[PDB]
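The structure appears below as structure tokens.
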Amino acid sequence: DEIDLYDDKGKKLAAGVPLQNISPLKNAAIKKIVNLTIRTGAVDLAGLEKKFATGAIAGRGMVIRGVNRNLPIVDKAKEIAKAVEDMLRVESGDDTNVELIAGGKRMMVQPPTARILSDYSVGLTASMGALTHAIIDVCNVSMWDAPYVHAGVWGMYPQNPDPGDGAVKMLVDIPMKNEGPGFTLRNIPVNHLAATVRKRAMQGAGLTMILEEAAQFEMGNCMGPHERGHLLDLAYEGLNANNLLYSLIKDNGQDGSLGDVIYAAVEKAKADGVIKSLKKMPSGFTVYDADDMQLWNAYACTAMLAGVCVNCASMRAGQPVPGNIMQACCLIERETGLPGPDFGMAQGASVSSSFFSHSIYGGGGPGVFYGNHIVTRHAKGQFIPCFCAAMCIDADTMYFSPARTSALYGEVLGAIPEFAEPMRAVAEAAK
Amino acid sequence: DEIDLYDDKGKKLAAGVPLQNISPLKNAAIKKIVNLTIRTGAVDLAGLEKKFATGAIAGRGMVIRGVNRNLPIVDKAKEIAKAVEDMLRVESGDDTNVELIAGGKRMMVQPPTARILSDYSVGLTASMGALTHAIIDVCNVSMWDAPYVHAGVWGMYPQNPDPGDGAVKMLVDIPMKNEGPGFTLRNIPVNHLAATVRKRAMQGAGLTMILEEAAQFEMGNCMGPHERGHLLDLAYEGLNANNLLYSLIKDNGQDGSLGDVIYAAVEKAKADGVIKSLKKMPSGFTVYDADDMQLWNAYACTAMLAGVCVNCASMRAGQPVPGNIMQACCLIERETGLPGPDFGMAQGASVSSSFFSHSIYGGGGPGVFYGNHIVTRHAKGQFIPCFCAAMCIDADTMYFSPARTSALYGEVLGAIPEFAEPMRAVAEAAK
Amino acid sequence: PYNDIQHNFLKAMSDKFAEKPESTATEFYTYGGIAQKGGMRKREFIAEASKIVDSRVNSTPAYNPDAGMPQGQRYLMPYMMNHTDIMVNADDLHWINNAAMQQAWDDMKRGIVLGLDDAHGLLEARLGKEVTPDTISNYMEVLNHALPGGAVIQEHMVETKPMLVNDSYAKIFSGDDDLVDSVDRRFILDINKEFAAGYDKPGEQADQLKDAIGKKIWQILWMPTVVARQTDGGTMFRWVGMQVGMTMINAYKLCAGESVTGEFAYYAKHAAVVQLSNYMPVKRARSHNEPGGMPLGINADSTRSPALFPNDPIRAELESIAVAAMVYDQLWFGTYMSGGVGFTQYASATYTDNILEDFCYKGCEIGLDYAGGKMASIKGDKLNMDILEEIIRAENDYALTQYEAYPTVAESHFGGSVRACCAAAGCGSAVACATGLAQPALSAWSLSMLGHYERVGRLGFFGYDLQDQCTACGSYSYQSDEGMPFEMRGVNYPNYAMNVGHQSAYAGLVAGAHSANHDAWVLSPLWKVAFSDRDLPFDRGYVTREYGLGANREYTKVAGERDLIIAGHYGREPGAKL
Amino acid sequence: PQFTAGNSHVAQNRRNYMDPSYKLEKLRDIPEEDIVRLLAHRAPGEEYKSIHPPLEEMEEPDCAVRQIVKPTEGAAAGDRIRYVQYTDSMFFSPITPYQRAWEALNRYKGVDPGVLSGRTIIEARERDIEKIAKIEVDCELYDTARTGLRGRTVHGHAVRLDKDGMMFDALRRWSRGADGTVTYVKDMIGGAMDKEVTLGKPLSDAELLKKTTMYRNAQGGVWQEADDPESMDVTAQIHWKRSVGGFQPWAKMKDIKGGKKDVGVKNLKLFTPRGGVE
Ligand SMILES: C[C@@H](OP(=O)(O)O)[C@H](NC(=O)CCCCCCS)C(=O)O
Ligand SMILES: C[C@@H](OP(=O)(O)O)[C@H](NC(=O)CCCCCCS)C(=O)O
Ligand SMILES: O=S(=O)(O)CCS
Ligand SMILES: [Cl-]
């Protein structure tokens, strides 16, 4: 199998790319994106400083009277940043990195790959361990006061298994909150991803599908012949293989409806020989079959994402995506008599997410979902990239937007070249 | 800081080794060990074939009637093994490895490191996913019957988060059952470690402590100056640095009491200038202090493993270890006016584990504990190695012994050179 | 409808509505709201609210239809419990208003199974202590004093009041007939007596169980209901551990606290224990023995229908369904995972009015028709998509026609979600009866739901068909979290983890395949036996009858009340009545 | 496009309602201001609120997709997102919930439709949704007896009809005149309006049978399996292809043990009479 890779403007990036070259297991760009995703922390030092000064060093709605200390962490930001960097370093010239941001109000921390022996959550712990000792040493905190520093940095942990109230913010979560073995890279909010690609839809879809598919491998879903179907989905839906994705959007973006995209995709599938007549029914309706079912699935998934982009961008809003994915799947099946994206699983997740974005029971708008979420985890990688796309496209119509929930990620992770331009990163490495 | 590394027979292995050379972050042997620990699965093919034949494909006390199938997995052990290998392999020549054992009744599986993108439990899932497709393919399982094969290999998962009823057995557990970020390498039952080194106490203690300290780093307990103390505890207690551990056991092995070992170690501490007089009290009792407190701790921690070995080897029983550690800690404090191993944390874990090995409330014999266990997790690395030694030393006096709980591990992992001889592997690396 | 009124919906429809069952028209707006018969509870509720408000320091208001949605512009209908003649008020099916439903789940939650053989093995190995039927008998006597909260070793112990914990005791069962004969019969749950049911001869069910169980000895221990209510399901295996621990010490003259005691702890809490369910991923964090981890097959095995009515696979379905609707939908989805008014009718639709009953008996009939009148014959080489599709389409047309042709039935099942649940259950039953196999029931489930959407132009609620669209794919999948045998699924199987109107039916399908297959259990021989225990408060053999008694406040079997130790109730003033 | 399978007039109704080239018949002409009254998100004459500045006076993210997809007029203006919602009687409503979403996402740009048994909601930018509401209330997809505008308290789609053929409404949003004419006397959530809004007379039973998208084996509707085997033939096919794919995505039907011999089946037998009543 071979594909050409294209960018978000319909311009070709690489040709005659063997399908294996974009595999999460082999592509150096993907491997790098994964590595950065588990290593990179963001810290709001100004907010942390304020935590210590007010005694707001615990969880939501908590305040401890009498333990207010004034620790000039923003003032001494440069010393803190260097202490941390030196602690994180295992050997000179290694991939350890620490950068101050916004006049030292904020900080990026990247422990070196070598500190991760078995547990990806070292990216969090090394930083948290380094930061709290850094503060204590640099600001000359006494024994008596040391525990307040622990609380400021580690939050309610270990009393709460979740150190989420602490200072170091990752894209990923602690291992316990993962819904299964191999779900690590799925536990990343859509709003964080949307913020990270700075609200550019195709980059968001691409980045999100790169992470989803890598997770799919890690979950054990890509063994033997099962692999091919995932790599095709990734290439076509995620990486705009042979310009199918961009083409569908461009051709229908002016006055096209969701259905228009779907039908244009069926017609392209036919033209390309992906699907062909199996049987003509009494009404004249033709049921189609596909010699290469996995390839059809790739075409369908691309149709799905393109349909989402067209409709959501028309509304300049994110909320439509679940109902968009549903009718994308349903309609493509009714048009052809073939099975929809991920053999019904995508439609399934579109039903639950439709429900849990319009009801009292849970969920929220699309930006609070993610691959690990019980509501949206069901499809085998093709589903959540549509959500990120939708929340990039959203013109802040929603209350829980990336601007509200994820500013920190936009600011700190936004300038990471592999995050900003994931498709070009992959295409380069696949050459 | 420098140490000489001695073997389990008191012979010097390497001279003037720089303290950093035995760091889990740096030593290539410790690194390979961690690698082998998360990658290596054992599969009882015989027992698996029986599951499918009896319909006992679920959890304890469960049998599904009418789904019995005769799948000749052991007869086709060859085909299956190769099918799994070919699925696990990422690139030709890589570190993928699959072996048959006991006439094809048991099987060792090691996915290549390259499949582990972020999540260590790929060691489990890659093998599980490969094993279940391999069986379906080689044994020509029809669509209708495929779910039975999933049950047999994956256990109750996903309904049960724990796939422990499944067919692939690792030393480590699933991420959800880790008691925190960084705890991966701690979730390894003492009995499994004891079987793995085939009941040779010192290799059991060393292997266990290599893994424990690897974990301490990953928990974030080894940042800044804290790092030094952990490397010292590893070198002395774990690696018999300067032959201190051995000489302690050797000198008291004939008719020494636990107490004799404690004092032997104390006098050695003075002689080495580790501790020295601080103040003579009115009774004549002298309070000691230590210029290098971290070095003292490393000494007390070796005395602790020494005492345990001497008293347990005397009874040839595993059960005394908790109470041994307790009094090792207590008596060394009462003798010096200095703080005990891990500054009281080890005595702490000795109290809980005493309790929870002689009462109705939980735990069991020392063999059922492990670093991650709530009862024994408290010491920062020094404690659990004593338990592995004790259960190596046990003359099968306990009902829940490695012979009973862990034969699969002893059989399959026992042949791995780095497990069989971790101290030698580490020293050759530190050259 | 089905030909036999004992299983069809015609008596229920006739007795619910003034018009004929096939009537297409009725009358609205003339019932006076809750003035009508079916408003009786709501009028009761209004009278009570006033007292509640009077008792509050700032007169914070409570129940008030005028502050919400007043009820009864349409007929407020009663319901008939499935396969009974018991009518009930709708309001009386809410779990909060129904003590029988509460007891049914408390009974399940407070149960733990624990092997004894390993403990004997440990006694032998480390102490060389003799175990005989006599010492086992003494052990069980001590255990039955200890388990509810009685002291066996220490002086100056406080103890529990027996009438507060009178539902707690322990029995043993075993495949070893000679051991059972030798033990004091007061402590025995007797398999030959509870499973004399057979198909071609007496005791075949017992035979199946004793062969599966073998010469092992198992304990079923029930904890006090009040313990389930004060705490959670995670207490249960731990409580067994503690009291079995104390019993061992006494009955075998050990040190009260030596190394052997430690190993007994691990034996009891880990090595030989069999729980109702395991914990949950932390988003929906829950202790052990809660509904979230309980497989469908265990739900089914907890009913007695197959031992009481061995030739009636659909009664087995419908009794398992009644337990499952209440447990998974009313309590688990409707409370544990949400709360409020909740999901009473999403559940009760599957156990009232003989509507699901009607579909499933018709389903079995159709499936048998296609199986040439030989139940469970469609297996192996006879099992294919053609015959399945024929069966499913036939029964789906049957069931969906009922709602359309007899509009009282649709009016009772007013939400599409329960119509879908029930039509699909009917299709599944048809396949269960033809095949004697659970997995293909999933193929019927998928096609029924897809056929439903296609026929009617609608299905269920906003997120009803998540698992339904996943069903075909998950059918025979073997991927990590995507596949697993039907019997072993439950509400932690990912696409099952959020929605009402499925788990009820599934519990039925899993039971039907197995009863049709002449199997004495679905998933667990151990739980099958344990739940046969006739000293349990709630009657696991007549589920819908129990629900009916709870509804009409005639139920006499609730446990764990505290009337014996209080002088009054919150919000209710003491003093004699005038 | 094919749109959907099916050989009956009900299947053709489906295909037409989905077909943007097909012009839906208009039964009534509700003035825009009366539409605004019914929706009750704003008062007629009241200016559209904004949730953000018009896109033109704003710098959007440098997004290729925003670049090539034109916003609707509602989106460009930064309108609120509001909604319209319908309840469709099981007694031969002209259109059914699922077919509404098919219709909406084929015919309209920039919409968020949701399908349930007793309600179908469409969300869009306020001015956009006002336009969609008028089109859908005016045309043959709305019958004044078997369809209802309802943003809450939707109960009734599956409830028997009244003497006059009206679907139950617990909020009594409609009133019926002697001549059959239906007037809305409350807004779509049961709130008071400044004036009543006349919708018109209901279609006759024969017309409803002619216009409906539902298969219904009662009261003279289409019996799906007896009158249109193609319908389930193709739906089943989709079902089995999803089944095969979940097991092994690359697998063809012919490679499956006991796989379908063909689309359709040879031996389907029915177990109800036409009209179902026995
Ligand atoms: C989705 C999830 O909610 P969150 O997205 O985490 O708020 C989940 N709710 C449940 O799935 C609701 C199930 C019961 C109510 C719906 C009945 S159909 C839960 O609370 O864990
Ligand atoms: C140790 C552990 O037991 P296990 O080792 O898992 O059997 C744990 N028990 C509790 O810590 C017992 C605490 C209460 C009884 C003793 C009070 S001093 C538990 O059941 O989770
Ligand atoms: O949100 S829905 O309206 O679909 C139903 C929940 S009861
Ligand atoms: Cl006994």
Side-chain angles (χ1 to χ4, degrees), chain A residues 177 179 189 351-365 368-370 372-377 400, chain C residues 114-124 129-143 170 172 179 183-184 187 217 219 244 247-252 264 280-286 291-292 328-347 415-418 421 458-467 491-492 494-503, chain D residues 85 87 97 114-121 152 154-155:
Chain A
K177 300 178 70 192
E179 284 245 335
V351 168
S352 44
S353 64
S354 289
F355 174 50
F356 284 103
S357 66
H358 298 81
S359 67
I360 72 177
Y361 301 97
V368 306
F369 292 100
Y370 43 97
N372 190 75
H373 204 299
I374 195 46
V375 168
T376 49
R377 59 178 271 195
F400 301 102
Chain C
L114 208 222
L116 248 190
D117 299 277
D118 291 341
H120 301 339
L122 172 49
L123 277 166
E124 235 304 314
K129 266 174 191 303
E130 185 177 41
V131 171
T132 69
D134 281 8
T135 74
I136 290 166
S137 286
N138 181 60
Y139 169 86
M140 290 304 293
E141 184 141 20
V142 177
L143 176 60
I172 45 187
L179 174 90
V183 168
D184 182 323
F187 302 112
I217 310 183
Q219 308 162 97
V244 160
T247 300
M248 282 297 177
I249 289 167
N250 184 294
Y252 293 104
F264 275 121
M280 298 295 284
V282 294
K283 181 179 272 298
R284 55 201 164 276
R286 243 88 211 195
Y328 295 110
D329 279 11
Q330 297 179 245
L331 292 177
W332 174 255
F333 286 126
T335 313
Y336 282 90
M337 294 297 298
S338 67
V341 157
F343 299 149
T344 300
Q345 295 160 120
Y346 273 136
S417 304
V418 302
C421 176
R458 69 188 89 214
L459 193 64
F461 74 91
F462 220 146
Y464 182 86
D465 50 306
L466 152 69
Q467 60 198 279
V491 294
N492 201 49
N495 56 84
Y496 287 8
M498 294 166 269
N499 315 118
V500 309
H502 299 73
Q503 304 305 310
Chain D
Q85 191 166 263
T87 298
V115 172
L116 313 77
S117 65
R119 42 175 298 236
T120 302
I121 182 177
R152 59 152 282 189
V154 305
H155 189 69

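Atoms considered below: every heavy atom in the structure, side chains included; atoms not considered: hydrogens, waters and symmetry mates. Numbered from 1 within each chain, the chains take letters A, B, ... in sequence-line order. Just so you know, ligand 1 is whichever comes first in the structure, and atom 1 is the first atom listed for that ligand.
Residue nearest to atom 5 (O) of ligand 1, selected from C:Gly292, C:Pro281, C:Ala285, A:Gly363: A:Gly363 (by heavy-atom distance). Considering C:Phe461, C:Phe333, A:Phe369, A:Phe356 only, the shortest heavy-atom separation from atom 18 (S) of ligand 1 involves C:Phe461. Nearest-heavy-atom check against atom 2 (S) of ligand 3 across D:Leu116, C:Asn499, D:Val154 picks out D:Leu116.
Near A:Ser359, meaning under 4.0 Å from one of its heavy atoms, ligand 3 places the atoms 1 (O). Counting atoms of ligand 1 from 1 in the listed order, those under 4.0 Å from a heavy atom of A:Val375 are 1 (C). Short contacts between ligand 1 and A:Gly362, defined as distances under 4.0 Å to a heavy atom of the residue, involve ligand atoms 3 (O), 5 (O), 7 (O). Close contacts between ligand 1 and C:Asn499 involve ligand atoms 18 (S) [criterion: under 4.0 Å to a heavy atom]. Under a 4.0 Å criterion applied to the non-hydrogen atoms of C:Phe462, ligand 3 contributes the atoms 1 (O), 2 (S), 4 (O). Atoms of ligand 3 lying under 4.0 Å from at least one heavy atom of D:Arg119, given by number and element, are 3 (O). For ligand 1, the atoms sitting less than 4.0 Å from at least one non-hydrogen atom of C:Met498 are 11 (O), 13 (C), 14 (C), 16 (C), 17 (C), 18 (S), numbered in the order shown with element in parentheses. Listed by atom number, the atoms of ligand 3 under 4.0 Å from A:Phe355 heavy atoms are 1 (O), 6 (C).
Not a single donor-acceptor pair under 3.5 Å links the side chain of D:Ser117 to the backbone N or O of C:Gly415. Checking side-chain atoms of C:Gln219 against main-chain N and O of C:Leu114 turns up a donor-acceptor pair under 3.5 Å. Using a distance-only test at 3.5 Å, with no hydrogens or angles considered, no donor-acceptor pair links the side chain of C:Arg284 to the main chain of C:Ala497.
Not a single heavy atom of C:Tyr464 sits less than 4.0 Å from an atom of ligand 1. For C:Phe343, the closest heavy-atom approach to ligand 3 does not fall below 4.0 Å. Distances from ligand 1 to the non-hydrogen atoms of C:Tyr346 include no value under 4.0 Å.
Only the side chain of A:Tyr361 comes within contact range of ligand 3, with a heavy atom under 4.0 Å; no backbone atom does. Residue A:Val368 does not touch ligand 1, judged by heavy-atom distances below 4.0 Å. Contacts with ligand 3 closer than 4.0 Å are made by no heavy atom of A:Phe356, backbone or side chain.
Considering both main-chain and side-chain atoms, A:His373 comes within under 3.5 Å of ligand 1 through a nitrogen or oxygen pair. Residue contacts with ligand 1: C:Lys283 is placed with a nitrogen or oxygen under 3.5 Å of a nitrogen or oxygen of the ligand (distance criterion only).
Inspection of the C:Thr247 and C:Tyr139 side chains reveals no N or O donor paired with an N or O acceptor under 3.5 Å.
Aromatic rings of C:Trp332 and C:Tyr328 (six-membered ring for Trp) have centroids beyond the 6.0 Å cut-off, not under it.
To the nearest 0.5 Å, the span separating CG on C:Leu466 from NE2 on C:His502 amounts to 8.0 Å. How far CD1 of C:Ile217 is from CD1 of C:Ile136: 4.0 Å, rounded to the nearest 0.5 Å. The CG atom of C:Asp184 sits 9.5 Å away from atom CG of C:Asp134, with the distance rounded to the nearest 0.5 Å. Between atom CZ of residue C:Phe187 and atom CG of residue C:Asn138 there is a gap of 8.5 Å, rounded to the nearest 0.5 Å.
Below 30°, between 30° and 60°, or above 60°: for A:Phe355 and A:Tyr361 the angle between ring planes is between 30° and 60°, a tilted geometry.
Residues passing the ring-ring contact (aromatic ring centres under 6.0 Å, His included) test with A:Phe369 are A:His373, A:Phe387, sequence neighbours excluded. For A:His358, the ring-ring contact (aromatic ring centres under 6.0 Å, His included) partners two or more places apart in sequence, or in a different chain, are C:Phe462.
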